[PDB]
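Have a look at coords_13.cif; it's mmCIF, C-alpha atoms:
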data_entry
loop_
_atom_site.group_PDB
_atom_site.id
_atom_site.type_symbol
_atom_site.label_atom_id
_atom_site.label_comp_id
_atom_site.auth_asym_id
_atom_site.auth_seq_id
_atom_site.Cartn_x
_atom_site.Cartn_y
_atom_site.Cartn_z
ATOM 1 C CA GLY A 1 0.000 0.000 0.000
ATOM 2 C CA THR A 2 2.421 2.657 -1.250
ATOM 3 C CA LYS A 3 1.594 6.385 -1.377
ATOM 4 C CA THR A 4 1.217 6.073 -5.181
ATOM 5 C CA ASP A 5 -2.369 4.750 -4.674
ATOM 6 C CA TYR A 6 -3.078 7.528 -2.175
ATOM 7 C CA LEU A 7 -1.855 10.479 -4.164
ATOM 8 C CA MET A 8 -3.112 9.218 -7.513
ATOM 9 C CA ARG A 9 -6.567 8.195 -6.324
ATOM 10 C CA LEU A 10 -6.957 11.467 -4.398
ATOM 11 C CA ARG A 11 -5.243 13.738 -6.898
ATOM 12 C CA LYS A 12 -7.846 12.713 -9.586
ATOM 13 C CA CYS A 13 -10.742 13.577 -7.202
ATOM 14 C CA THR A 14 -11.164 16.806 -9.218
ATOM 15 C CA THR A 15 -13.298 18.590 -6.521
ATOM 16 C CA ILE A 16 -12.611 19.968 -3.059
ATOM 17 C CA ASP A 17 -16.119 19.646 -1.605
ATOM 18 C CA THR A 18 -15.944 16.026 -2.807
ATOM 19 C CA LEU A 19 -12.561 15.350 -1.200
ATOM 20 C CA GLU A 20 -14.517 15.563 2.046
ATOM 21 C CA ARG A 21 -17.126 13.032 0.952
ATOM 22 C CA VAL A 22 -14.425 10.407 0.252
ATOM 23 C CA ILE A 23 -12.239 11.214 3.296
ATOM 24 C CA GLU A 24 -15.069 10.186 5.720
ATOM 25 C CA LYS A 25 -15.244 6.938 3.743
ATOM 26 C CA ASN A 26 -11.504 6.243 4.245
ATOM 27 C CA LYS A 27 -12.000 6.972 7.902
ATOM 28 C CA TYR A 28 -12.848 3.394 9.116
ATOM 29 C CA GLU A 29 -11.855 1.224 6.100
ATOM 30 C CA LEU A 30 -8.292 2.579 6.589
ATOM 31 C CA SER A 31 -6.827 3.367 10.051
ATOM 32 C CA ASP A 32 -5.572 6.140 12.277
ATOM 33 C CA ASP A 33 -1.876 5.093 11.995
ATOM 34 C CA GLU A 34 -2.459 5.222 8.303
ATOM 35 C CA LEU A 35 -4.564 8.388 8.085
ATOM 36 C CA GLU A 36 -1.266 10.354 8.204
ATOM 37 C CA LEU A 37 -0.901 9.108 4.654
ATOM 38 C CA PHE A 38 -4.270 10.590 3.663
ATOM 39 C CA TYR A 39 -3.532 13.854 5.510
ATOM 40 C CA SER A 40 0.104 14.275 4.564
ATOM 41 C CA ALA A 41 -0.794 13.220 0.985
ATOM 42 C CA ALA A 42 -4.108 14.998 0.344
ATOM 43 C CA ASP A 43 -2.680 18.433 1.232
ATOM 44 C CA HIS A 44 -0.429 18.309 -1.839
ATOM 45 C CA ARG A 45 -3.637 18.199 -3.924
ATOM 46 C CA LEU A 46 -5.166 21.280 -2.135
ATOM 47 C CA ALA A 47 -2.868 24.156 -3.398
ATOM 48 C CA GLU A 48 -3.346 23.037 -6.995
ATOM 49 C CA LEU A 49 -7.122 23.053 -6.472
ATOM 50 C CA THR A 50 -6.825 26.425 -4.736
ATOM 51 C CA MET A 51 -5.822 27.787 -8.174
ATOM 52 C CA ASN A 52 -6.574 25.259 -10.954
ATOM 53 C CA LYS A 53 -3.284 23.643 -12.190
ATOM 54 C CA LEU A 54 -1.066 20.782 -10.920
ATOM 55 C CA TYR A 55 1.308 21.058 -7.879
ATOM 56 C CA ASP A 56 3.438 17.973 -6.747
ATOM 57 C CA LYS A 57 5.527 18.143 -3.453
ATOM 58 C CA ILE A 58 5.110 21.464 -1.375
ATOM 59 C CA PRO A 59 7.067 23.140 1.623
ATOM 60 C CA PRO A 60 5.063 23.613 4.919
ATOM 61 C CA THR A 61 5.203 27.334 4.005
ATOM 62 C CA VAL A 62 2.308 27.149 1.540
ATOM 63 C CA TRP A 63 -0.323 25.467 3.736
ATOM 64 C CA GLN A 64 -0.163 28.636 5.921
ATOM 65 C CA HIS A 65 -0.813 30.882 2.857
ATOM 66 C CA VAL A 66 -2.273 28.765 0.053
ATOM 67 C CA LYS A 67 -1.964 31.743 -2.348
ATOM 68 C CA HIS A 68 1.651 32.427 -3.283
ATOM 69 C CA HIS A 69 2.907 30.898 -6.538
ATOM 70 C CA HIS A 70 4.913 31.644 -9.703
ATOM 71 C CA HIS A 71 4.476 31.198 -13.454
ATOM 72 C CA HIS A 72 6.970 29.315 -15.617
ATOM 73 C CA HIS A 73 7.513 27.805 -19.061
#
Would it be possible to restate this file's structure as structure tokens?
Amino acid sequence: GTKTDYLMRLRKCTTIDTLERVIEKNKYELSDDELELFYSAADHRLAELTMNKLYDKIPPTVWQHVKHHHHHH
């Protein structure tokens, strides 16, 4: 059960308000010890959604702002 499954499955959710609906599902069919995976993983997918592109590995700095960013080729 590598993080690939976590990040991919989540990252294709496509909707924030939905991300909630699933998370409650994961709640018992997964496990607390595990949930770090879902928490530590799912965040990555939030900043992208906050705008509308694709992030992929972010410093703890962002989750306090969730606004800053920069364009690039």
| query | For residue 12 of chain A, which residue among A:31, A:25, A:36, A:54 is the nearest when counting all atoms listed in the file? | reply |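 Smallest distance to residue 12 of chain A is found for A:54.
When the PyMOL selection byres ((chain A and resi 16) around 10) is evaluated against the file, it yields residues 13, 14, 15, 17, 18, 19, 20, 21, 45, 46, 49 and 50 of chain A.
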| Pick from A:57, A:65, A:34, A:6: nearest to residue 22 of chain A, with all atoms listed in the file counted? |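 The shortest atom-to-atom distance to residue 22 of chain A comes from A:6.
Our summary of the geometry notes that atom CA of residue 28 of chain A is positioned 28.9 Å from atom CA of residue 66 of chain A.
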| field | Point-to-point distance in Å for atom CA of residue 47 of chain A and atom CA of residue 71 of chain A | value | 14.3 Å
| said: Using only C-alpha atoms, can you tell me which of A:42, A:52, A:58, A:69 comes closest to residue 3 of chain A? | reply: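 That would be A:42, the residue with the smallest distance to residue 3 of chain A.
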| query | With distances taken over all atoms listed in the file, which of A:44, A:73, A:68, A:27 is nearest to residue 11 of chain A? | reply | A:44
Box for segment 13-20 of chain A - axis-aligned, 3 Å on each of the six sides, all listed atoms - centre and size in Å to one decimal, as JSON.
{"center_x": -13.4, "center_y": 16.8, "center_z": -3.6, "size_x": 11.4, "size_y": 12.4, "size_z": 17.3}
| request: Enter the distance from atom CA of residue 23 of chain A to atom CA of residue 55 of chain A, in Å, rounded to one decimal. | output: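 It comes out at 20.1 Å.
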| Nearest-residue call for residue 10 of chain A, choices A:30, A:41, A:35, A:62, using only C-alpha atoms |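 Closest residue, counting only C-alpha atoms: A:41.
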| field | Residue nearest residue 38 of chain A among A:56, A:1, A:7, A:72 (counting only C-alpha atoms) | value |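 Counting only C-alpha atoms, the residue closest to residue 38 of chain A is A:7.
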